[PDB]
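Participant: Line order of the protein sequences matches chains A and B. Those letters in the first sequence? Residues 33 to 53, by full-length UniProt numbering. Those letters in the second sequence? Residues 56 to 248, by full-length UniProt numbering. Note that beta-carbon positions come from the ideal geometry of N, C-alpha and C, so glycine has one too.
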Amino acid sequence: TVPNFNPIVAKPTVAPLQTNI
Amino acid sequence: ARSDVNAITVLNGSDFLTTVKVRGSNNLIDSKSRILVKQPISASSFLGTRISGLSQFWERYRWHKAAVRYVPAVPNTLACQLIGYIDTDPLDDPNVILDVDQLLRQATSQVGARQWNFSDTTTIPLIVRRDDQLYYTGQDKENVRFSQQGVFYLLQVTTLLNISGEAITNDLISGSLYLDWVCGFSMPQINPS
Ligand SMILES: [Ca+2]
Ligand SMILES: [Ca+2]
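Quick look at the structure:
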């Protein structure tokens, strides 16, 4: 039960147009 | 029914001011070309509106809490910043200024100023003074500090550009200005015209 053998992680990030300030 | 009283008729509303026109490349060649709007914020500065029509039927007024509101008529793919402020001094004129950064800095220096892209909406408040002063309604006369409570300057900070790098050159309309106002008029009358 070798833990964390080939772990991979996913994390999204939205890319909107015209980020306004 | 013949009461001779003078009472402030504080009453609210909203009014359509103008369709603003960002300048582009052809017309925008210097600094004063970046002043899209020079619009007094006296009640009687907008002929066809309701605020001015009412104003005509009083001597005086005082914005208790006014606000200019910009509504964009464009998409988000276009990009151009705008700076908007209201100088409580009708005489202070930035048109004499030659440097653009100097003009934007004396704009941002004002207290009730804002910045925004012409693709989103914001609100430009009017910061009312502290000396209970009233202002007249009639068409501006010998002096302006008797009549105008403020002057709304709308500025062009950047160059008008579109989806591609193309720099627009036709001085097209970007949005529309709206005044969400609250004022109390004091002395019934009729101002000439
Ligand atoms: Ca000023
Ligand atoms: Ca008058």
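Just by C-beta distance, which residues in the segment 193-219 of chain B are closer than 8 Å to chain A?
Facilitator: Taking 8 Å as the Cβ-Cβ cut-off against chain A, none of the residues of the segment 193-219 of chain B qualify.
Participant: Pick out every residue whose C-beta is nearer than 6 Å to a heavy atom of ligand 1: which are they, in chain order?
Facilitator: With the cut-off at 6 Å, the residues found are B:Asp142, B:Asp144 and B:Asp147.
Participant: For B:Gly193, which residues from the same chain have a beta carbon less than 6 Å from its beta carbon, with the 5 sequence-adjacent residues on both sides left out?
Facilitator: Your numbering for residue 193 of chain B matches position 138 in the second sequence. Closer than 6 Å at the Cβ level, and outside the excluded window around B:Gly193, lie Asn246.
Participant: Taking the Cβ atom as the reference point for each residue, do B:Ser107 and B:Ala98 lie within a distance shorter than 8 Å?
Facilitator: Reading the second sequence from its first residue, position 52 is the one you call residue 107 of chain B. Reading the second sequence from its first residue, position 43 is the one you call residue 98 of chain B. Contact: yes.
Participant: Is any heavy atom of ligand 2 found at a distance shorter than 7 Å from the C-beta of residue 41 of chain B?
Facilitator: Here chain B has residues from 56 to 248 only, and residue 41 of chain B is not among them.
Participant: Can you tell which of B:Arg185, B:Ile84 and B:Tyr125 has the C-alpha that lies nearest to the C-alpha of B:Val92?
Facilitator: For the purposes of this step, residue 92 of chain B is identified with residue 37 of the second sequence, where counting begins at 1. Per the Cα distances, B:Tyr125.
Participant: In the DSSP assignment, find the unbroken beta strand (DSSP E) run with B:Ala162 in it and report its ends.
Facilitator: Mapped onto the second sequence, residue 162 of chain B falls at position 107. Note, B:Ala162: premise wrong, no beta strand (DSSP E); alpha helix (DSSP H) at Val155 to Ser164.
Participant: Please say whether B:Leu181 and B:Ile96 have beta carbons closer to each other than 8 Å?
Facilitator: Along the second sequence, read from residue 1 onward, the residue named residue 96 of chain B stands at position 41. Along the second sequence, read from residue 1 onward, the residue named residue 181 of chain B stands at position 126. In this structure, B:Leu181 lies closer than 8 Å to B:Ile96 by Cβ.
Participant: Just the chain B side, please: which residues come within less than 9 Å of A:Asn52 by C-beta, in chain order?
Facilitator: The residue you call residue 52 of chain A lines up with position 20 of the first sequence. Here the neighbours are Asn131, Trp171, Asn172, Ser174 and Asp175.
Participant: Run through the DSSP bridge pairs and tell me what A:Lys43 is partnered with.
Facilitator: In the first sequence, counting from the first residue as 1, residue 43 of chain A sits at position 11. DSSP, once it has assigned bridges, lists no residue as partnering A:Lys43.
Participant: Is there a Cβ from chain A that is less than 8 Å from the Cβ of B:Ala134?
Facilitator: Counted from its first residue, the second sequence places residue 134 of chain B at position 79. Answer yes: the Cβ-Cβ gap between B:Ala134 and chain A drops below 8 Å somewhere.
Participant: Thinking C-alpha only, which one of B:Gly167, B:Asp147, B:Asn172 and B:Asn81 is nearest B:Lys120?
Facilitator: Counting from one through the second sequence, the residue named residue 120 of chain B turns up at place 65. The shortest Cα separation from B:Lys120 among B:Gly167, B:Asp147, B:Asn172 and B:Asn81 belongs to B:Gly167.
Participant: How about B:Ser241 and B:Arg105: are their beta carbons less than 8 Å apart?
Facilitator: For the purposes of this step, residue 241 of chain B is identified with residue 186 of the second sequence, where counting begins at 1. For the purposes of this step, residue 105 of chain B is identified with residue 50 of the second sequence, where counting begins at 1. No; because the gap between Cβ atoms is not below 8 Å, this pair is not in contact.
Participant: Which residues in the same chain have their Cβ closer than 8 Å to the Cβ of B:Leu72, if we skip the five residues on either side of it in sequence?
Facilitator: Taking the second sequence and counting its residues from 1, the one referred to as residue 72 of chain B is at position 17. The residues are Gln94, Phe101, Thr104, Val123, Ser231, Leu232, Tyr233 and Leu234.
Participant: Are there any heavy atoms of ligand 2 lying less than 7 Å away from the beta-carbon of B:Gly193, as far as the coordinates show?
Facilitator: Position 138 of the second sequence holds residue 193 of chain B. Flag set: Cβ of B:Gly193 near ligand 2.
Participant: Below 7 Å, is the gap between the Cβ of B:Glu197 and the nearest heavy atom of ligand 2?
Facilitator: Taking the second sequence and counting its residues from 1, one reaches residue 197 of chain B at position 142. Outside the cutoff, so no.
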